[PDB]
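Using full-length UniProt numbering, the first residue of the sequence shown is number 109, and each one after it goes up by one.
From the three backbone atoms N, C-alpha and C, an ideal C-beta is built for every residue, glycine too.
Inspection log for the structure reproduced underneath, given as structure tokens.
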Amino acid sequence: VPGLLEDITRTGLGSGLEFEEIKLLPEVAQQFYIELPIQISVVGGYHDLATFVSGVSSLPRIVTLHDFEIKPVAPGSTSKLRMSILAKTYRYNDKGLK
Numbered sequence: 109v110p111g112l113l114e115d116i117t118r119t120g121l122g123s124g125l126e127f128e129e130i131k132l133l134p135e136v137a138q139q140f141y142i143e144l145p146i147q148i149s150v151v152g153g154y155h156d157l158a159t160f161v162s163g164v165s166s167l168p169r170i171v172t173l174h175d176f177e178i179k180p181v182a183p184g185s186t187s188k189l190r191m192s193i194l195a196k197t198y199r200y201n202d203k204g205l206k
């Protein structure tokens, strides 16, 4: 199954947004599942950022979102925002924690 990075790009997510950083982190084993985290920083207006969050939220797969941060990039009038978020997908763990 294609990863979250591909889902964003295959379905065309993030219109109007300027990606700054995409970092795929090492998988984290837990006793019931393996987490696949992706850290993303992206710049845009509130509307385009919201559309992106809704797009990820509407994917037909379990994605959890964490560590949401948003700050204006500059003190100017109505300027764009920098949004940081950690997204995770999951797969089963049938092998324990050895």
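Exercise. Ends of the alpha helix (DSSP H) at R118?
Worked result: Counting from one through the sequence shown, the residue named residue 118 turns up at place 10. Unbroken alpha helix (DSSP H) run through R118: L112 to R118.
Problem set entry | Validate contact between the region 148–157 and the region 182–195 using beta carbons, cut 8 Å, 3 pairs | Three or more beta-carbon pairs drawn from the region 148–157 and the region 182–195 are found closer than 8 Å, and the two stretches are therefore classed as touching.
Exercise. By DSSP, does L157 sit in helix, in strand, or in coil?
Worked result: Residue 157 sits at position 49 when you count from the first residue of the sequence shown. DSSP places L157 within a helical segment (H, G or I) once states are collapsed to three.
For this session: Report back the beta-carbon spacing between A137 and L173 to the nearest angstrom; my notes put them in contact at under 8 Å.
Result: Position 29 of the sequence shown holds residue 137. Position 65 of the sequence shown holds residue 173. About 21 Å separates the two Cβ atoms, so there is no contact after all.
For this session: Assuming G122 and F160 form a contact by the criterion Cβ under 8 Å, report the distance between their Cβ atoms to the nearest whole angstrom.
Result: Stepping through the sequence shown from its first residue, residue 122 is reached at position 14. Stepping through the sequence shown from its first residue, residue 160 is reached at position 52. Going by Cβ atoms, the distance from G122 to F160 rounds to 5 Å, so yes, they are a contact pair.
Problem set entry | Alpha-carbon spacing of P145 relative to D202, whole angstroms | Within the sequence shown, numbered from 1, the residue matching residue 145 stands at position 37. Within the sequence shown, numbered from 1, the residue matching residue 202 stands at position 94. Between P145 and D202, the C-alpha separation is close to 19 Å.
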